[PDB]
Amino acid sequence: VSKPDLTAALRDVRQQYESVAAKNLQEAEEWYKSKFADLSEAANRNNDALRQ
Amino acid sequence: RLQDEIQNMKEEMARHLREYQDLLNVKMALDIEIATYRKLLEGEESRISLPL
Amino acid sequence: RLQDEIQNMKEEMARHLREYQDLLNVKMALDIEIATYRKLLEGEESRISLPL
Amino acid sequence: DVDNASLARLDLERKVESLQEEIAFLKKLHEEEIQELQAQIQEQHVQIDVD
Amino acid sequence: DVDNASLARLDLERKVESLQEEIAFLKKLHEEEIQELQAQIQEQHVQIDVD
Amino acid sequence: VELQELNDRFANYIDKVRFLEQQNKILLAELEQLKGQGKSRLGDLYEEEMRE
Amino acid sequence: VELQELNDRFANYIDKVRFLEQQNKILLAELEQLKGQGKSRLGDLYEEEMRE
């Protein structure tokens, strides 16, 4: 009980960096998909007003 | 741009394999703490189990 | 429009191909736990002392 | 007959419109799922404290 | 031009079908993000990294 | 005293079992959702749309 | 022999720690397969009607 755990504090910082590294990559992929949808359908709108 | 987002996604996934390598350094530290917790459990129940 | 719909499905798939590779890296850390459980059996045979 | 062929073509129009948003959701909610799961797999692990 | 349009609808449907595996993926990868955000909220509370 | 300290050491490793039994309920919930309840119902709904 | 049986019982609960770690790693190796293929294996029945 006089071990208010340092290995828990070092376990937190590792599992937090493992989670942050995964989520910072997944945010960048999900913004790439979402930006690709915006740019593609803005390009479709310009194509389609140019067809009307 | 959508073909370049298929490529940027493969390299963002190659970066998430490095974010997970740096999380895996912390996970392998917890796995060494589990391999050490085994030796602490082995040592403490041996203090409880006792001579003639 | 059909060419863009074909690229959008590939970017989504290309991310999911490493979302499962990082779950195989999590499974590889569970094989370090399986490899550590053999040292727990060697440790339990040691832990008992079989008294003295 | 031209209205019935327009009802057929209308499902795939409204679908391929909607499915541009479903890709733009897919990328995020997949890369969010895999990153919270690969944070779980790190929180799986160890503390000790010391003598 | 109902046929010329319908052959173009089938190339859009080929995207929709493939992308509707990917709806079923997406709509439950979000239930799974709510499980793994309940994992990262759970897993400081237990455990901590596991003591 | 070593019997009670090694009793309470096995009680600490039971609390370590409860913690990994909680992790085992997270990865179980994460197994079922997409496979079980995703494409079964979301397929069935679209299968009747594309049948129509 | 009670402190030794409770040392070996803490080794049994370290092997239950490793067992719930190994069960959560099996559920990880099954959920990565069931995310990657569990959409498509339930789609391909319905979506191959729709492709025909």
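Numbering, chain E: per Swiss-Prot, residues 209-259 in sequence.
Quick reminder: no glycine exception, Cβ is built from N, Cα and C everywhere.
Here is what Swiss-Prot says about this protein:
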CROSSLNK  E:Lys223  SUMO2 cross-link
MOD_RES   E:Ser214  phosphoserine
MOD_RES   E:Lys223  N6-acetyllysine
MOD_RES   E:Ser226  phosphoserine
MOD_RES   E:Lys235  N6-acetyllysine
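Feature map: Swiss-Prot annotations on the structure.
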| residue | record | DSSP (3 states) |
| --- | --- | --- |
| E:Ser214 | phosphoserine | helix |
| E:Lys223 | SUMO2 cross-link | helix |
| E:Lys235 | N6-acetyllysine | helix |
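The Cβ neighbour count for the residue listed as 'SUMO2 cross-link', using a 10 Å radius and every protein chain shown, is 25. Relative to E:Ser214 (phosphoserine), the recorded positions E:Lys223, E:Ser226, E:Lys235 all have Cα atoms farther than 10 Å away.
Using a Cβ-Cβ cut-off of under 8 Å to chain C, the recorded positions E:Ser214, E:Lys223, E:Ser226, E:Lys235 reduce to E:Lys223, E:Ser226. Each of the modified residues E:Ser214, E:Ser226 was scored by how many other Cβ atoms lie within 10 Å of its Cβ, and the smallest score goes to E:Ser214. In this structure, the CA atom of E:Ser226 (phosphoserine) is 15 Å away from the CA atom of E:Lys235 (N6-acetyllysine). Between the alpha carbons (Cα) of E:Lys223 (SUMO2 cross-link) and E:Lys235 (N6-acetyllysine) lies a span of roughly 18 Å. In the structure as shown, the Cβ atom of E:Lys235 (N6-acetyllysine) sits within 10 Å of 21 other Cβ atoms.
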